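A.B. asks: This one's experimental. Sequence and coordinates below.
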Amino acid sequence: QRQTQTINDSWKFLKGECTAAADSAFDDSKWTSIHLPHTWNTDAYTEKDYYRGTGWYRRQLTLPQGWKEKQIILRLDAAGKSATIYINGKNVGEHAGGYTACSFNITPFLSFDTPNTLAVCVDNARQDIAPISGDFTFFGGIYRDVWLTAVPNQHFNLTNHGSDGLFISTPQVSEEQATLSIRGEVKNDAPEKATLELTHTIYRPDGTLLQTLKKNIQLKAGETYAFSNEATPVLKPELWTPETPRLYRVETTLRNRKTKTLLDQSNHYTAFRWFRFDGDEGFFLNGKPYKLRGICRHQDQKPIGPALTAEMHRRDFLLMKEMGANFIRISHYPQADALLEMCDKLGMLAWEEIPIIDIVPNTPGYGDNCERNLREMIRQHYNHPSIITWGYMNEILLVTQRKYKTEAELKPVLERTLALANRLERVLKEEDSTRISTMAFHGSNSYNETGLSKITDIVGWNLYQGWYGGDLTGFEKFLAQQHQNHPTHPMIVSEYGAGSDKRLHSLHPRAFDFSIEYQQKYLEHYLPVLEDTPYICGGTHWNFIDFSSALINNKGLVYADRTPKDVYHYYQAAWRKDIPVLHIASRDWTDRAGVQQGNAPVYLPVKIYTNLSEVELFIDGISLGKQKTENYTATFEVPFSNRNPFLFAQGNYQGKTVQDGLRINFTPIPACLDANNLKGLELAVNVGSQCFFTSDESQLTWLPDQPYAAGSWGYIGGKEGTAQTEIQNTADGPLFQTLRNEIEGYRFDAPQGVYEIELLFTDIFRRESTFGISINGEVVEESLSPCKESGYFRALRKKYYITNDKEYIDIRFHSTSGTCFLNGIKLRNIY
Amino acid sequence: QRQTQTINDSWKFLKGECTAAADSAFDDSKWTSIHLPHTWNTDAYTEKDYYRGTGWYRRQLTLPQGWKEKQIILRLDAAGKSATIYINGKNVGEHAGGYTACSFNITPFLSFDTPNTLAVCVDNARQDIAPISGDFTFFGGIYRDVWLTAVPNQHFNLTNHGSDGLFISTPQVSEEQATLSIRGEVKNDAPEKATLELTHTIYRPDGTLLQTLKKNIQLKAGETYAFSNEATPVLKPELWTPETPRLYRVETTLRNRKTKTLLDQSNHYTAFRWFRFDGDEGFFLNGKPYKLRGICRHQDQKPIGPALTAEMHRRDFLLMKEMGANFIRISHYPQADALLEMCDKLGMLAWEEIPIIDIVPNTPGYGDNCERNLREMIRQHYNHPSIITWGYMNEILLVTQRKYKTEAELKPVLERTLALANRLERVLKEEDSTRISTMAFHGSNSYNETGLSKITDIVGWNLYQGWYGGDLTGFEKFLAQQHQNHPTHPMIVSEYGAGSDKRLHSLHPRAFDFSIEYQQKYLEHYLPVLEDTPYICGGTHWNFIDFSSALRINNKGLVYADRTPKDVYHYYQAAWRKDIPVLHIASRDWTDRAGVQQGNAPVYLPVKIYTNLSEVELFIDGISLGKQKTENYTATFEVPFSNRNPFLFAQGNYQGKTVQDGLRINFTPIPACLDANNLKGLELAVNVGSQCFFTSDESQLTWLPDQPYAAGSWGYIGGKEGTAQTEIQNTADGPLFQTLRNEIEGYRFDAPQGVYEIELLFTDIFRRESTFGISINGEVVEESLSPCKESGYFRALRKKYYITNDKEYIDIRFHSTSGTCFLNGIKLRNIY
Ligand code: NA
Ligand code: NA
């Protein structure tokens, strides 16, 4: 019978090409001891010292005696970008693509006397294998399990594109009666004939047997046999939705028939479900209408050790289901098997796609390798009922439109692109005609004007109105105009979202400030549009989780360490009717600070996400009133005063009482500096920005810029300036990324003493900008030119010890070349 | 007038030896662009590729025109471990000491018409500059600010051991009156003669002027003038304590006697306080009993970028001060100045020490460089009122007694050591008779036999009874013993604590499981002994914050490295604050709960409460669990966990007001008796051989503590518990693999028929090599598995098998061949 285990242990690994490291006689003593899954560049210095090259994986296989008359199948669940397999120095085969599995019958190349050498030649630098752009162009390693399967010589075909060789489909489904079709290949690898018996046992969702199918066959030696057995129509079927995921086990045993011995066995689930996308009326599931409540999802495990990302795939999914999503868009996800299994068993419709993104260049064999990835994805995941559609292209004109302008420049690229698109579109339905095809566009109409939208069953629009330029209400406007022009093209919003930093907070949120509060606004707008519009089949939000790459990736709902952002609970409130949701949406904001008048309490908004009709918010036991909820949200102006306040909210749902609680930190900052309130104070201002930044260098909260008023402090002159480049030499990137430009001076009305002043600059204007600085009429810097000394986009921090013998600190800026700017200022009383 | 700024920007750097890197013409185009501070080696392996040697720092100096007449003093607040500085290829000077400052008058080497090149050679592999052992042996870089100061040609001495040049101290302090002595050195770097006015103004804590002192002085060219000005005795002085930190500012101004023009100006705080240490009655502060509630502290900041570690020193202090601490014990702290400024102003007593530790080597120059460092430390901090005692050694016998075991190879090292101890004790009292001296020992009576404890004014014991062996009561017993044999040695417990890991929790915590709960058991035993024992002056806990080192147990702190307090932080806060209400549900350390559940009966797990309220009431999801009266500032509730997202809520009455705390956590129930339905989406994982829950950082699974097999359930068969303390290769989930069931016979789950994924976890930890097979219901999956031969000792193996169960149970059997069978963890989950 059949036996499957992992060989993930006791590997040696050498980063670099090497002189037949496939040889069994090799000295791998000084290579690195590694344990698979193994991910290559888990240390990011950008392009410089990010490894693009060939690596070598080596492990000894000492075989078990119980396998000497058994075929041995070696499978690699995923290995990117491409690997070649050496048993004992000999080439068994290669693979191209780091998101599908591959498998090789390695029985010939193996002896049972001396230990065998398994060597793998992996390469992440291959521009002829998708993806060719984006964060995963160089995703390298054997970053998934590796399996040794042993079977009798009469087995199912485990070398059909890395799949199970089995394919269960349902050719007709209705509420009353559905048909089943079980297909696959059997392979005789013994040197003679064989008379066998093929059984199909079909179980109900409750465990009991429903139907048995026996059929029996003969096979000349070496023969591979193609079976295809219909089944008795299932009467009154148990139908499958993400809310009701009823699965029928299909056990497929293979018996010797002279002796009724069991040989090989292979279980698979299937389920009964039908669906259609209507261009006017939306999605339908089992006859009944249904909103796709989706999120996108690709490889995004956090690096937790040397060459080792996390393995949280499963508990990640629990977090999607408890948010109440019913749809997942999958791409760049190695061993997506693991994810779809839970999409089947726990409930979540799915699309998956091979990753052909951004541009179709003239790279030889790109097209050929892409069609193979498309076939592999479909065959390896055929038997998942959660999968209702296969894609293959994502924003395929995005880089083309940046790189080619004249229609004489685009004609050879568009020809090439429509060509690969149609090619893969036929491969798709040649491989599986029981699912819908889709293609995701970026927000331009040239996916219509070039023909790419007439190819696929349905179409995805990646819309970022209100993020990458534009206004929030152009989201509905873009979709409306798309449904007016092309009403037969049923639409999904396959990507939307806005990035956010836990470090950033605003009371006046605008796009590209990266504040928690703006992503909350942007998603508070989009989510009703997706639900209350009928001709929108639903959406898939930008990748569920935040992630980083050396080569903007913070638009998710869950932080990289798997804590949900506050806004997670906004979806949960809107998508889970079954349980009460009550979230004080201030986990993202436990380090609060504001400017205070004398002893007048400070008011900062505290938001609440709930699905309760009304909710009460208390602080230190003092009811702040009741508030009716609209769009699952409610905002209180909370009077922060005391330093360790305690927020508490409650309300009612379905008879019972629902509560939440949370402790935060609040620090007040004086509006008018006298000498009591200056002591132990570090007054830090995020010049030229409207955001509270909370520092990782210092854990100080750098306050928003405010204009100088008599008795107080603030800026004099200038206008807000923003840049979006990586600022080097600091962890506090965002503080340097916003300045006040054409600044005249900065002033604090502060008593006499000795003060430490820090000033923060970064030149972001690639005549050069040079200026002088003075304090209380005495020159501390005669000519400061941030770009000649640091360079553009590096960071400067200058600290000055100042002896103030006036009643104010008047810092002022002296234009010489270009413009005066200030990126941050910090004041500190010393004496 | 005095102008002082940083030259931290615009540096190029090169990791390794280079020649002509000092010269101004040199090409540093292809060098690394950096901003100071700059810490070396923010990357973790040990002796391999953690850098040891020379490194070069380059910057261009554009001297302003209005500075042409002035003197230029260059101050490096700290460089580790050694720095040599070049101005335009010319060697200005040298420093030896990773923790003190250095200063140089660079006026003669600078050009005012061209640009200058500032060039610094840093060497961290210096086996003659303390510390020569421990986590800071190779701490390297210019990891503190670098400054340019420009003064007129008559100024205060900026080049006396890299200090301010001024020295203020109170010769007599009492309730009735005190005296104030202001000393310093005025420097004339002109070629002429100068006639000057020197003024000291003394301000009251409230800011008003108490007094002015003028004195005319005359200096030849190139002269250093040592002044020493008494002040009018201060009547009814405002006394300083950590709870009342009144400071008198002293402004020292240098004027030209003719034109009354301001030349230099140096502000300092002084303060009036006195103290003693008694062998019987402990510590006294302004004549009252005072118990030292202390914490240790050294360089602490987490890496936050390439070569860049945080500068959270001032926020790290508010944490110490809000816990209620009144004492801090400082060492391996570069530019401690910033810390002691908080001590002075916000209120906390300090002791400081240069880092001589572990062994005194036979190293030419070491003793000399230590003396030079002790002086630097005292002169740079002489004016900090909060400093009450200086120290220089710390377990100076620890490594000596390990490496050497015969009294012949011991005799030279013990001579070398008392020799250096006396030298430094002489130097200390020479530099500062205003402050008591101290030494920190490890827990061995050898410091009394050798006579090391007859040297300093007080002694400190670094005691870990209950952690490194013994049991918690050996603590008070050790001190009880010490006080009785040397009663004239006043005692501070100068270090204590116990390591902990947020990932681990136990209901029966024993030393070295690293469970959060043992650390609380340990600190709940120690703190009362510290308060209630008279002859103990106080304690200083282990380093306030967890920290990782890249060399060769670094988690005994009260605060995690992300600067979040552990839960036991509030045990200290409740015992040490009386001003504010403290009421903390001790469960931030434990928000991923899980446990074994009978049917649907609720799973009882403990929830501890730290507070200084007299009685607390705990609710879960709104259901009161009833009030509890609090003792030793703690209350435990046995809580019934049901729902998967409970809401804990406590309340009580402090000072007639109401006090509340609340917290949402997570609970996963795991079924004791499996069936075809509770396996649906289950992942049953067992920390085999441990009695501890382990929440994983790979998966987020909470691996349940081992239970033995009982019919209808699951569990182990056979074998003893076994534990290890080496770290483990190839996994983030270390503690999982550090405990196993040794000589295990098997593991059995009673589960239905079906297809199951079984994952087994091994690490051989026993230097024939063990080998065994593994059968699951009679099928042989591993035929000859040997973790040590295949992988290695202390490497992880994760084997994973797909198996088809036709019995009503999964009976895993271990079949020995050589050595013993063992299992560090097992995880099952149903596929079909
Ligand atoms: Na800014
Ligand atoms: Na274990």
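C.D. replies: Ah, there it is. Residues are numbered from 1 along each chain as shown, chains lettered A, B, ... in the order given. Ligands and ions are numbered 1, 2, ... in the order given.
A.B. asks: So what does residue A:435 have for phi and psi?
C.D. replies: phi -140, psi 160 (degrees, to the nearest 10).
A.B. asks: wait, doesn't it sit right on residue A:386?
C.D. replies: No - counting by CB atoms under 8 Å, residue A:386 is not a contact partner of residue A:435; they are 11.0 Å apart. All C-beta atoms are positioned from the backbone trio N, CA, C, and that covers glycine.
A.B. asks: Please identify which of the two sits among more neighbours.
C.D. replies: Legend: neighbour count by other CB atoms under 10 Å in any protein chain shown for residue A:435 and residue A:386, higher for residue A:386 (27 against 19).
A.B. asks: Surely the more buried one is in contact with residue A:344?
C.D. replies: Yes - using CB under 8 Å, residue A:386 is in contact with residue A:344, at 4.9 Å.
A.B. asks: anything in contact with each of those two?
C.D. replies: Common contact partners of residue A:386 and residue A:344 (CB atoms under 8 Å, 6 or more residues apart in numbering or on different chains): none.
A.B. asks: can you give me how far stretch A:429-447 is from the chain middle?
C.D. replies: How far stretch A:429-447 lies from its chain's middle: 21 Å, per CA atoms, centre = their mean, to the nearest Å.
A.B. asks: got it, and stretch A:119-135?
C.D. replies: Relative to its parent chain, stretch A:119-135 has a centroid offset of 20 Å by CA atoms, centre = their mean.
A.B. asks: what's the first-to-last distance across it?
C.D. replies: End-to-end span of stretch A:119-135 (CA to CA, to the nearest Å): 28 Å.
A.B. asks: Tell me the residue of the stretch 51-200 of chain A that sits nearest ligand 1?
C.D. replies: Relative to ligand 1, the nearest point of the stretch 51-200 of chain A is residue A:135 (27.6 Å; CB to the ion).
A.B. asks: Now residue A:203: closest residue in space that isn't a chain neighbour?
C.D. replies: residue A:249 (4.2 Å; CB to CB, 6 or more residues apart in numbering or on different chains).
A.B. asks: before we move on, what about residue A:810?
C.D. replies: residue A:747 is the one closest to residue A:810 (CB to CB, 6+ apart), at 5.0 Å.
A.B. asks: What values do phi and psi take at the one you found?
C.D. replies: phi -140, psi 130.
A.B. asks: again with residue A:7
C.D. replies: Torsion angles, degrees, to the nearest 10, at residue A:7: phi -120, psi 50.
A.B. asks: OK, contacts around the closest residue in space to residue A:274 that isn't next to it in sequence?
C.D. replies: Leaving aside its sequence neighbours, residue A:274 sits nearest to residue A:173 (CB to CB, 6+ apart; 4.5 Å). Applying CB under 8 Å, 6+ apart, we find residue A:173 in contact with A:179, A:237, A:272, A:273, A:274.
A.B. asks: check contacts around the second one.
C.D. replies: What it means is residue A:237. Shown in contact with residue A:237 (CB under 8 Å, 6+ apart): A:173, A:175, A:177, A:178, A:272.
A.B. asks: From these, keep the buried residues only.
C.D. replies: Neighbour counting by 16 or more other CB atoms under 10 Å in any protein chain shown classes A:173, A:178, A:272 among these as buried.
A.B. asks: and which of those residues is nearest to ligand 2?
C.D. replies: Lowest distance from ligand 2 to those (CB to the ion) belongs to residue A:272, with 44.1 Å.
A.B. asks: how near is that closest one to residue A:232?
C.D. replies: Using CB to CB, to the nearest Å, one gets 14 Å for the distance from residue A:272 to residue A:232.
A.B. asks: Would you mind naming the helix or strand containing the residue nearest the centre of chain A?
C.D. replies: Centroid check for chain A by CA atoms, centre = their mean gives residue A:543 as the closest residue, at 3.3 Å. Following DSSP states H and E, one finds residue A:543 outside all helices and strands.
A.B. asks: That one and residue A:549, how far apart?
C.D. replies: Per CB to CB, residue A:543 is found 12 Å from residue A:549.
A.B. asks: same question, residue A:503
C.D. replies: Here residue A:503 is placed at a distance of 19 Å from residue A:549 (CB to CB).
A.B. asks: repeat for residue A:498
C.D. replies: For residue A:498, the distance to residue A:549 equals 18 Å [CB to CB].
A.B. asks: Same question for residue A:531.
C.D. replies: For residue A:531 relative to residue A:549 (CB to CB), the value is 32 Å.
A.B. asks: How about residue A:125?
C.D. replies: Distance from residue A:125 to residue A:549, by CB to CB: 16 Å.
A.B. asks: Residue A:60 now?
C.D. replies: Per CB to CB, residue A:60 is found 35 Å from residue A:549.
A.B. asks: got it, and residue A:295?
C.D. replies: Distance from residue A:295 to residue A:549, counting by CB to CB: 20 Å.
A.B. asks: Which parts of the stretch 701-831 of chain A are helices?
C.D. replies: Along the stretch 701-831 of chain A, counting by DSSP state H, counting those that start in this stretch, helices occupy A:733-736, A:786-789.
A.B. asks: Next, format these as JSON lines and append distance to chain B and mean neighbour count.
C.D. replies: Output for the helices of the stretch 701-831 of chain A, formatted as JSON lines (distance: least, CB to the nearest CB, whole Å; neighbours: other CB atoms under 10 Å in any protein chain shown):
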{"stretch": "helix A:733-736", "distance to chain B": "10", "mean neighbour count": "23"}
{"stretch": "helix A:786-789", "distance to chain B": "4", "mean neighbour count": "19"}
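A.B. asks: Give me the neighbour count for the residue in the stretch 601-750 of chain A that chain B sits nearest to.
C.D. replies: Of all residues in the stretch 601-750 of chain A, residue A:661 sits closest to chain B, at 2.8 Å by CB to the nearest CB. Residue A:661 sits with 20 neighbouring residues when counted by other CB under 10 Å.
A.B. asks: Most proximal residue of the stretch 451-600 of chain A with respect to chain B?
C.D. replies: As assessed by CB to the nearest CB, chain B sits closest to residue A:562 within the stretch 451-600 of chain A, at 6.8 Å.
A.B. asks: for the residue in the stretch 101-250 of chain A positioned nearest to ligand 2, what are its contacts?
C.D. replies: Of all residues in the stretch 101-250 of chain A, residue A:145 sits closest to ligand 2, at 21.9 Å by CB to the ion. Shown in contact with residue A:145 (CB under 8 Å, 6+ apart): A:6, A:8, A:36, A:37, A:77, A:335, B:800.
A.B. asks: Ligand 2: which of the residues you listed is nearest?
C.D. replies: For the contacts of residue A:145, the residue nearest ligand 2 by CB to the ion is residue B:800; the value is 16.7 Å.
A.B. asks: Just confirm residue A:414 is within a helix.
C.D. replies: Yes - using DSSP: H, G, I helix; E, B strand; the rest coil, the secondary structure at residue A:414 is a helix.
A.B. asks: list the contacts for the residue nearest to it when sequence neighbours are not counted?
C.D. replies: Leaving aside its chain neighbours, residue A:414 sits nearest to residue A:450 (5.5 Å; criterion: CB to CB, 6+ apart). Applying CB under 8 Å, 6+ apart, we find residue A:450 in contact with A:397, A:414, A:417, A:418.
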